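Spelled out from the first residue to the last, the chains are:
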4 protein chains.
Amino acid sequence: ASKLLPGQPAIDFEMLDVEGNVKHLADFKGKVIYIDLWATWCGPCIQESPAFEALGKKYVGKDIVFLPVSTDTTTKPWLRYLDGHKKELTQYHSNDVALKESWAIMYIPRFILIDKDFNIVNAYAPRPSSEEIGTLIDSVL
Amino acid sequence: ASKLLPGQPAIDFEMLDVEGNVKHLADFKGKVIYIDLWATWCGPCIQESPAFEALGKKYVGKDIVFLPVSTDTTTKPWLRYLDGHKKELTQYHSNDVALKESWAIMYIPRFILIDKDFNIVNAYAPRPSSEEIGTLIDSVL
Amino acid sequence: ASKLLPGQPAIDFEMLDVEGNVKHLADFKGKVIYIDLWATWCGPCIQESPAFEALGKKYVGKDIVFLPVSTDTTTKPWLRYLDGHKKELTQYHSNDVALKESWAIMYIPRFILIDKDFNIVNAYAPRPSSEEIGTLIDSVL
Amino acid sequence: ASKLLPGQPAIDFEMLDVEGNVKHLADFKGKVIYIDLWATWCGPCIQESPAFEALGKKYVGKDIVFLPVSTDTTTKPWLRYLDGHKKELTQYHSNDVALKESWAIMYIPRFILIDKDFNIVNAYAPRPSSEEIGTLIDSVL
Ligand SMILES: [Cl-]
Ligand SMILES: [Cl-]
Ligand SMILES: [Cl-]
Ligand SMILES: [Cl-]
């Protein structure tokens, strides 16, 4: 569609933390938001996890949040996975219908970059291991 | 584990066709079996589909079967996907527990190669777009 | 750098066809230009070739040119490769210093998208097999 | 061919270290040998470097050597790359004709696994980031 063009308002969705608190994407409004949509059985998604974590470490304390969002059909394999593989970033999970119907999340790995105005920078953002992601992030920070 | 070593007997599992008939992996005993475990939301899995189909075309009429097996949690998005994307190979689907607990299918894309004796050639077989898969298949044919 | 930002003028470079005629990127000014920088020993580059060719077929007769540009250190393995693997798109080759020093081509696979004004749309464009490339191309056509 | 089948003797080749000393693959006879054939402009090759290094760290002091071997046409961009990107593994470089003509190294990324008897385990070995490489390495150690 065209509601995903750069400059278009980001579409809010809800997500759960590992403690079960519901959060909203809009809660992070005012910060650059880089989203990693992954699932526990997606090999290539997990291959981007070190880069995503490393980016999260590099930009710690800057006005950007890195949101790893599991799209696992159910919560339990997500929590079991996290139990055996430590991560540093705060982890989220979502089956919000808005992912499929507003963000057009048809395939993963999928990355999304949103600016401080809560507008889309790239709805199909470069992967965290790409050579250009840092430069892109710096441009919007 | 070690029940997945080459030479080990292949582990049977059941799968559904698009008409709903239950089939067994063991039904293909006597033919080389090359399995593509994919899901409709796995981008990198779908990226291997042209190569898998092309291989299926090249070896048509040889004593080998190419089994694309969806691991989608439910049947409906699998059928909807197939509705919009034609394929030539006969399509299957499975949530058999044996996939996770005997074949150790933890991540996809995942490929499996079994010989005519129904023994494992490689439980973590090369991808269909790899340079060596044809040679490997020819070795076991 | 920042001479690669979207909206920045594209940087011209020269390229050879298989007949040895020198062409310039600027020769295609007025058409959308989608560039595939590859090399004969780059496996993942060649894995994008069917998608690049398929795109070239889909947009045939539209005001867009698809430029596969080999960056092989020398011409001979490029011609030998082409001899054994037919393609439909007109093939080019370049070792122009502008690739490394103006376009920052440090790694391949690398794709570039330029608009009809000869301005950069994305200097690190999505791969031809990506779900969003068609939509991106359509936006600039 | 068939001189690359598992169980076939490994084919020796020469390689340079960063100090310029010529070494031979056969110098490592008696140890498991896992080879990473990469080049400085191969993006996907460099994406496997953290996994290759991590494996090297995990098996430190075991009877296995991890050989990163640059296939860059010339030595200078290899040394310049290494200058700006630190690594822990001892680095090698090779343009030995045996790579192309005996090991059939046509595309990279390419990995090779050899046993203590200096026999081929897999001439097209799994990538270092694959789920099965550790198990494979353990089987031959
Ligand atoms: Cl998507
Ligand atoms: Cl798996
Ligand atoms: Cl590049
Ligand atoms: Cl190769």
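Residues numbered from 1 in each chain as written, not as in the entry; some residues may be left out. Chains lettered and ligands numbered in written order. Heavy atoms only, no water.

- The PDB entry annotates chain A as Putative thiol-disulfide oxidoreductase of Bacteroides vulgatus.

### Here we look at the overall build of chain A
- Across its full length, chain A holds five helices and seven strands.
- Of the regular secondary structure in chain A, the N- to C-terminal order runs β-β-β-α-α-β-α-β-α-β-β-α.
- With the C-alpha coordinates of chain A rotated into their principal frame, the extents come out at 35 × 30 × 25 Å.
- Residues counted as buried form 52% of the 141 residues belonging to chain A.
- The long-range share in chain A, meaning contacts at least 24 apart out of those at least 6 apart in sequence, stands at 64%.
- Within the structure as shown, chain A displays about 6700 Å² of accessible surface, and the carbon and sulfur contribution to it stands at 51%.
- Taken as two groups, the 15 positive and 19 negative side-chain charges of chain A have centres that lie 2 Å from each other. (Helix = DSSP H or I, 4+ residues; strand = E, 2+ residues; numbered from the N terminus. Buried < 20%, exposed > 50% of the residue type's maximum accessible area, 1.4 Å probe, protein only. Contact = heavy atoms within 4.5 Å. Areas by Shrake-Rupley, 256 points an atom, 1.4 Å probe, with all protein chains shown as cover. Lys, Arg positive; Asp, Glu negative; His and termini not counted. Charge placed at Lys NZ, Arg CZ, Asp CG, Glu CD.)

### Describing the relation of the copies chain C and chain A
- It takes a turn of 180 degrees to lay chain C on chain A, together with a shift of 0.0 Å along the axis; the resulting RMSD is 0.0 Å. The operation mapping one copy onto its partner corresponds to a two-fold rotation axis. If distances are taken from each C-alpha of chain C to the rotation axis, the shortest is found for C:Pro126, at 4.0 Å.
- Here 100% of the interface residues in chain C have copies in chain A that are interface residues too; the copies meet face to matching face. (Least-squares fit on C-alpha atoms.)

### Some thoughts on helix 3 (residues 75-84) of chain B
All names here are of chain B.
- Buried within helix 3 we find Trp78, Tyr81 and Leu82. Angularly, the buried residues of helix 3 cover 95 degrees about the axis, an arc narrow enough to put them on a single face. The exposed residues of helix 3 that point more than 90 degrees off its buried face are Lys76, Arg80, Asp83 and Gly84.
- Buried residues in helix 3 make contact with strand 1 (14-16), strand 3 (32-38), helix 1 (43-47), strand 4 (64-70) and strand 5 (92-93). (Arc of directions from axis to C-beta.)

### As for the interface of chain B and chain A
- The partner chain A presents 15 residues to the 15 residues of chain B that form the contact.
- Surface buried jointly by chain B and chain A totals about 1200 Å² across both partners, of which 65% is contributed by carbon and sulfur atoms.
- When residues of chain B are sorted by the area they lose upon contact with chain A, B:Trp41, B:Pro44 and B:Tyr107 head the list and together hold 51% of the total.
- Remark: the boundary between chain B and chain A carries zero salt bridges.
- Summed over the shared surface of chain B and chain A, the number is four residue pairs in polar contact.
- Counting residues per element, the side of chain B that touches chain A draws most heavily on helix 1 of chain B, at three residues. (Buried area = accessible area lost by both parts, 1.4 Å probe. Salt bridge = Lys/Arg side-chain N within 4 Å of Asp/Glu carboxyl O. Polar contact = N/O pair within 3.5 Å; in protein donor to acceptor, adjacent residues only side chain to side chain.)

### Observations regarding the packing of aromatic side chains
- Under the defined criterion, the tally for this structure stands at 34 aromatic pairs over all chains.
- Both rings, one in B:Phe52 and one in B:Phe111, keep their centres 6.5 Å apart while their planes meet at 50 degrees; by these two values the pair is tilted. Residue B:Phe52 is located in helix 2 (residues 49-58), and its partner B:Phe111 is located in strand 6 (residues 110-114); the two are separated by 59 residues in the primary sequence.
- Since its relative accessible area comes to 2%, B:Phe52 is described here as buried.
- Given a relative accessible area of 2%, B:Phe111 falls into the buried group.
- Ring geometry for D:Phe28 versus D:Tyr92: centroids 6.2 Å apart, planes at 75 degrees, classification edge-to-face. A residue pair is termed long-range when its members are at least 10 positions apart, and D:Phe28 in the loop between strand 2 (22-24) and strand 3 (32-38) and D:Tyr92 in strand 5 (residues 92-93) qualify at 64 residues.
- Residue classification places D:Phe28 among the buried residues on the basis of a relative accessible area of 10%.
- Of the aromatic side chains, those joined through ring pairs into one cluster are A:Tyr34, A:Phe52, A:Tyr59, A:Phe66 and A:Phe111.
- Over the ring of A:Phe28 we find A:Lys23, and its NZ or CZ is 4.8 Å from the ring centre.
- In this structure, A:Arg110 is placed above the aromatic ring of A:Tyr124, and the distance from its NZ or CZ to the ring centre is 3.8 Å. (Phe/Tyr/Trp six-rings, centres within 6.5 Å; stacked < 30°, edge-to-face > 60°. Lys NZ or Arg CZ within 6 Å of the ring centre and 35° of its normal.)

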